[PDB]
Amino acid sequence: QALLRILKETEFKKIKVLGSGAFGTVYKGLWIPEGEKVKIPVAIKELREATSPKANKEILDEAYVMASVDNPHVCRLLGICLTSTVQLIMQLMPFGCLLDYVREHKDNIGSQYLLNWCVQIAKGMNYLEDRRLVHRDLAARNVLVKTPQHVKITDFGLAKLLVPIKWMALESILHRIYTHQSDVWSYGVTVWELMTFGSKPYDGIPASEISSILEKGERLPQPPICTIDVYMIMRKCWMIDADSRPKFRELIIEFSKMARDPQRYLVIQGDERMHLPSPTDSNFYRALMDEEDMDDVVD
Amino acid sequence: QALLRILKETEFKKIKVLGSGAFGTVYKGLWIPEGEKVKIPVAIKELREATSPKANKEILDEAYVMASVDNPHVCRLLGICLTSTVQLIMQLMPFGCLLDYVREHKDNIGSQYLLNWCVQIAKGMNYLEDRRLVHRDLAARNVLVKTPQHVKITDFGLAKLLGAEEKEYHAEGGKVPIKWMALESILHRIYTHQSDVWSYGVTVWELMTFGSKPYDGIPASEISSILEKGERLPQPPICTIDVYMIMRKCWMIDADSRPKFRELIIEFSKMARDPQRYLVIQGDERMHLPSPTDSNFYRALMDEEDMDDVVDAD
Ligand SMILES: COCCCc1nc(-c2ccc(F)cc2)c(-c2ccnc3c2CC(c2ccccc2)=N3)[nH]1
Ligand SMILES: COCCCc1nc(-c2ccc(F)cc2)c(-c2ccnc3c2CC(c2ccccc2)=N3)[nH]1
Ligand SMILES: [Cl-]
Ligand SMILES: [Cl-]
């Protein structure tokens, strides 16, 4: 309510393109509070345009829900500008999305990081499930890096407001059913992305063929670094019976226990050199960049 | 000790001068974490040289103290670099210092902001006193604006770390803030929490005058003589007698009759609850604190740290 600021065009300015996705263009922008001289970096998403155009009131109804998401691992919509276009405003995260991060750090990311990211992503999805919010488009491209030790799910609620077949549960492909349990399937695929340092799922397979390969029983393969304990969580996320899939609450516990002994569940050549930040590197990161509460990381 | 990151020259770059003061030069800087490609904006301060050949590990010991302060109204020192210079690193505050803030926004600043800044500054100084630290250079120039609703004290202990080499009989270009100092500090270089309280009084006066220079016209060389005769800074036109009386208590010759920071918190908190009764500012009803919507927005973008809620009007 008070959680969503409606902005006017004259109080911000887009200065650089940062990327784009199926729903809009992402800009680095500057917020200029009226009667001030400061320029405050912000992330701005200008929505693509109307598939079926939505009513202004419906756009705001949903923007309010997005602005009400209050969890250390889900990005909160901070503001909206409703003109001839829809522009979304959120706190800017300079590290970008987790998918690019694990690619650029291929073989050099420690197991402690990857299992902690799984924990955090589950915590954020668990929070959405407890609010009865269905994401519909969880994927590593929709997970953002505030700091290497703190990731956040983004783009909640856009899919409903405005197709990633290779991330979708089978019943979503067939019937366009979306539930917290189909979100769990996407979560399995997102974890598979992380553990392959950002491979494309079903790379070189045609989207048109995925429903066939799924009903056949084939799944994404066991990542090189993953012990069978990790891969079996992924498989359970991709069972045909949506109700047999794990629950996010359980995924939090499972990955948390794995992160407490990371090198037992992930086998990474070179895990010798990469660890979590020392207390001093952690305070430094947090004091400059990331002051919000949040739980402790699993050591 | 895990509170202070020792930085190598190779990890950060100064990218733009922000200002300069008695203790050094401030830079907008960019921190580049080892193995990353992002550039994290920081505030860097390159200190002027100590007036005495300090051990260099004594410098680190005083820096550890500065990195240990944990309070929403005191800037924590985050890292340090010991090379050709002593360089200090902390979080960058785009709004700058409160002195510049009140000067540029004179006429647009309401009583609710002014009384709340007094509260927060006393809270920060109360915390330094609790940590047994004397600031020695409290002034509006050393209060930083995180958001308009959230100020923080900086530069504590730099006066002791760096010293001044008897530039206390200079005109005003001196590094020594004679016009903020307690009489006993001018006469005898005595610095206590109670002399900090006198400096606190001048800081309130700066704010209540929207950034006037204290004792303007009066040479600095003459300050101790006018203070000894009973002359004090004038009542700001916006101040009710109630506010001016607290400023005068801060400048009492007898150090232990000045107010305590813990009492100034209470007194200014009480005034902030009925602000138009203590400060008379034309057009004040148009200058309230931000609506919930706007402060929610300010916090999520700029100021995620936990903070005492501002004292709203009853
Ligand atoms: C190719 O991705 C763009 C699509 C994914 C995405 N949607 C958004 C977004 C922005 C504002 C909103 F209201 C809602 C969603 C972001 C985002 C959000 C916050 N901060 C960021 C970034 C991207 C980013 C970045 C990208 C490349 C290099 C460096 C930094 N920083 N991402
Ligand atoms: C403008 O202060 C008056 C000068 C005193 C000062 N010492 C410091 C300082 C910096 C790094 C340290 F380790 C310790 C102390 C700052 C500071 C601290 C953090 N952030 C900032 C600024 C100034 C500033 C600014 C100046 C002009 C225009 C816009 C913004 N942003 N100030
Ligand atoms: Cl997008
Ligand atoms: Cl200075």
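First to last, the sequence lines map onto chains B and A.
All the letters of the first sequence, read from the start, carry residue numbers 701 to 862, 876 to 1012 under the deposited numbering.
Just so we're on the same page, the deposited numbering is the position in the second sequence counted from 1, plus 700.
We put the beta carbon where it would ideally sit given N, CA and C, even for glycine.
So, using beta-carbon positions, are residue 706 of chain B and residue 780 of chain B closer together than 8 Å? Within the first sequence, residue 706 of chain B is the residue found at index 6, counting from 1. Within the first sequence, residue 780 of chain B is the residue found at index 80, counting from 1. Result yes, Cβ atoms of residue 706 of chain B and residue 780 of chain B sit closer than 8 Å.
Roughly how many whole angstroms lie between the Cα atoms of residue 878 of chain B and residue 920 of chain B? For this step, residue 878 of chain B is matched to residue 165 along the first sequence. For this step, residue 920 of chain B is matched to residue 207 along the first sequence. Answer to the nearest angstrom: the Cα atoms are 6 Å apart.
Do residue 816 of chain A and residue 735 of chain B have their C-beta atoms closer together than 8 Å? Here the question's residue 816 of chain A lines up with position 116 in the second sequence. Here the question's residue 735 of chain B lines up with position 35 in the first sequence. Contact flag unset, no.
Residue 916 of chain A versus residue 883 of chain A: straight-line alpha-carbon distance, rounded: Position 216 of the second sequence, counted from the first residue, corresponds to residue 916 of chain A. Position 183 of the second sequence, counted from the first residue, corresponds to residue 883 of chain A. If you draw a straight line from the Cα of residue 916 of chain A to the Cα of residue 883 of chain A, it is about 18 Å long.
Can you pull the chain A neighbours of residue 922 of chain B, defined as C-beta to C-beta under 8 Å? Here residue 922 of chain B corresponds to residue number 209 of the first sequence, with the count starting at 1. At a beta-carbon threshold of 8 Å, none of the residues of chain A lie near residue 922 of chain B; the nearest stands roughly 37 Å away.
Can you determine whether any heavy atom of ligand 3 sits closer than 7 Å to the C-beta of residue 723 of chain B, and answer yes or no? Within the first sequence, the letter at position 23 stands for residue 723 of chain B. Residue 723 of chain B Cβ: within cutoff of ligand 3.
Decide if residue 850 of chain B is buried, meaning its Cβ has at least 16 other Cβ atoms within 10 Å, or exposed. In the first sequence, residue 850 of chain B corresponds to position 150, counting from 1. Classification of residue 850 of chain B: buried, given that the 10 Å Cβ count is 16 or more.
Can you grab the Cα-Cα spacing for the pair residue 1001 of chain A / residue 728 of chain B, in whole Å? The residue you call residue 1001 of chain A lines up with position 301 of the second sequence. The residue you call residue 728 of chain B lines up with position 28 of the first sequence. The straight-line gap from Cα to Cα measures roughly 14 Å.
Taking Cβ to Cβ, would you say residue 778 of chain B is nearer than 8 Å to residue 791 of chain B? For the purposes of this step, residue 778 of chain B is identified with residue 78 of the first sequence, where counting begins at 1. For the purposes of this step, residue 791 of chain B is identified with residue 91 of the first sequence, where counting begins at 1. It is a contact, given that the beta carbons lie within the stated cut-off.
Which residues, taken in chain order from the stretch 731-748 of chain B, show a beta carbon closer than 9 Å to some beta carbon of chain A? Under the 9 Å Cβ criterion, the stretch 731-748 of chain B contributes 731, 733, 735, 736, 737, 738, 739, 740, 741, 742.
So, does the CB of residue 712 of chain A fall closer than 8 Å to a CB anywhere in chain B? Position 12 of the second sequence, counted from the first residue, corresponds to residue 712 of chain A. Taking Cβ atoms only, chain B never reaches closer than 8 Å to residue 712 of chain A, which makes this a no.
Looking at chain A, is there any beta carbon in it that lies within less than 8 Å of the beta carbon of residue 996 of chain B? Sequence index remark: in the first sequence, residue 996 of chain B carries index 283 (1-based). For residue 996 of chain B, the closest Cβ of chain A is nearer than 8 Å.
Please output, in chain order, the residues near ligand 1 using a CB cut-off of less than 6 Å to any non-hydrogen atom of the ligand. Environment of ligand 1, chain-ordered: B:718, B:719, B:720, B:721, B:726, B:743, B:744, B:745, B:777, B:788, B:789, B:790, B:792, B:793, B:794, B:796, B:797, B:844, B:854, B:855, taking every residue with Cβ within less than 6 Å of a heavy atom.
Could you check if residue 945 of chain B is buried or exposed, using at least 16 other CB atoms within 10 Å of its CB as the buried criterion? Taking the first residue of the first sequence as 1, we reach residue 945 of chain B at position 232. Residue 945 of chain B sits exposed, since fewer than 16 C-beta atoms from the chains shown fall within 10 Å of its C-beta.
Spatial neighbours of residue 768 of chain A within its chain, please: CB distance less than 7 Å, with the 5 preceding and 5 following residues excluded, ordered by chain position. Numbered from its first residue, the second sequence carries residue 768 of chain A at position 68. So the list reads 703, once near-sequence residues are dropped.
Can you tell me which residues form a DSSP beta bridge with residue 746 of chain A? On the second sequence, residue 746 of chain A is found 46 positions in, with the first residue counted as 1. Residue pairing by DSSP places residue 746 of chain A opposite A:725, A:787 in a beta bridge.
What distance in whole Å lies between the Cβ atoms of residue 834 of chain A and residue 892 of chain A, which are believed to be in contact at a cut-off of 8 Å? Position 192 of the second sequence, counted from the first residue, corresponds to residue 892 of chain A. Position 134 of the second sequence, counted from the first residue, corresponds to residue 834 of chain A. Right, their Cβ atoms sit about 6 Å apart.
Apart from the five residues on each side of it in sequence, which residues of its chain come closer than 7 Å, Cβ to Cβ, to residue 1007 of chain A? Locating residue 1007 of chain A in the second sequence gives position 307, counting from the first residue. The residues are 772, 850.
Which partner residues of residue 939 of chain A appear in the DSSP bridge assignment? Along the second sequence, read from residue 1 onward, the residue named residue 939 of chain A stands at position 239. BP columns for residue 939 of chain A point to A:979.
Counted within 10 angstroms of its Cβ, other Cβ atoms place residue 926 of chain A as buried (16 or more) or exposed: As a working note, residue 926 of chain A is residue 226 in the second sequence. Result: exposed.
Would the C-beta of residue 842 of chain A count as close to ligand 2, meaning under 7 Å from any of its heavy atoms? Translated into positions along the second sequence, residue 842 of chain A becomes position 142. With a cut-off of 7 Å, the C-beta of residue 842 of chain A is classified as near ligand 2, since at least one heavy atom of the ligand falls inside that distance.
Say whether the stretch 796-810 of chain A touches the stretch 963-972 of chain A, bearing in mind that this needs 3 or more beta-carbon pairs closer than 8 Å, one atom from each stretch. Verdict: no, contact absent.
Can at least three beta-carbon pairs, one atom from the stretch 841-848 of chain A and one from the stretch 795-802 of chain A, be found at a separation below 8 Å? Contact between the stretch 841-848 of chain A and the stretch 795-802 of chain A is present, because at least three Cβ pairs lie under 8 Å.
Could you tell me which of B:776, B:1009, B:995 sits nearest to residue 765 of chain B, measuring between CA atoms? Taking the first sequence and counting its residues from 1, the one referred to as residue 765 of chain B is at position 65. Closest in C-alpha terms to residue 765 of chain B, from the list B:776, B:1009, B:995, comes B:776.
Residue ranges of each alpha helix (DSSP H) within the stretch 826-885 of chain A, 4 or longer: Within the stretch 826-885 of chain A, the complete alpha helix (DSSP H) runs of at least 4 residues are 858-862.
Please name the residue in B:934, B:898, B:959, B:924 whose C-alpha comes closest to that of residue 912 of chain B. The residue labelled residue 912 of chain B in the question sits at position 199 within the first sequence. It is B:934.
Contacts that residue 794 of chain A makes with chain B (C-beta to C-beta distance below 8 Å): As a working mapping, residue 794 of chain A is identified with position 94 in the second sequence. What residue 794 of chain A touches in chain B: 738, 739, 740.
Helix, strand or coil at residue 958 of chain B [DSSP, three-state]: Reading the first sequence from its first residue, position 245 is the one you call residue 958 of chain B. In the structure shown, residue 958 of chain B sits in coil (DSSP, three-state: anything other than H, G, I, E or B).
If we cut at 8 Å on Cβ distances, does residue 841 of chain A have a partner in chain B? Mapped onto the second sequence, residue 841 of chain A falls at position 141. Taking Cβ atoms only, chain B never reaches closer than 8 Å to residue 841 of chain A, which makes this a no.
Checking 8 Å against the spacing of the C-beta atoms, do residue 740 of chain B and residue 730 of chain B come in under that value? The sequence position of residue 740 of chain B within the first sequence is 40, counting from 1. The sequence position of residue 730 of chain B within the first sequence is 30, counting from 1. Yes, they are a contact pair.
When the Cα atoms are used, what is the spatial distance from residue 820 of chain A to residue 889 of chain A? Position 120 of the second sequence, counting from 1, holds the residue named residue 820 of chain A. Position 189 of the second sequence, counting from 1, holds the residue named residue 889 of chain A. Taking the straight line from one Cα to the other gives about 27 Å.
Residue 723 of chain A: which of A:830, A:949, A:874 sits nearest, CA to CA? Reading the second sequence from its first residue, position 23 is the one you call residue 723 of chain A. Of A:830, A:949, A:874, the residue nearest in Cα terms is A:874.
Between residue 707 of chain A and ligand 5, is the CB less than 7 Å from at least one heavy atom? Annotation note on ligand 5: not contained in the displayed structure, which lists ligand 1, ligand 2, ligand 3 and ligand 4 as its ligands.
Report yes if the C-beta distance between residue 972 of chain A and residue 943 of chain A is below 8 Å; otherwise report no. Residue numbering aside, residue 972 of chain A sits at position 272 when the second sequence is read from its first letter. Residue numbering aside, residue 943 of chain A sits at position 243 when the second sequence is read from its first letter. Taking a C-beta distance under 8 Å as the contact criterion, residue 972 of chain A and residue 943 of chain A do not qualify as a contact pair.
Within 10 angstroms of the Cβ of residue 814 of chain A, are there 16 or more other Cβ atoms? Answer buried if so, exposed if not. For the purposes of this step, residue 814 of chain A is taken as residue 114 along the second sequence, with counting starting at 1. The Cβ neighbour count for residue 814 of chain A, taken over all protein chains shown within 10 Å, is at least 16; the residue is labelled buried.
For residue 886 of chain B, I'd like the list of residues in its chain whose CB is within less than 7 Å of its CB, leaving aside the five on either flank, ordered along the chain. As a position in the first sequence, residue 886 of chain B is number 173, starting the count at 1. Within the same chain, and ignoring the five residues on either side of residue 886 of chain B in sequence, the residues whose Cβ sits closer than 7 Å to its Cβ are 878, 923, 924.
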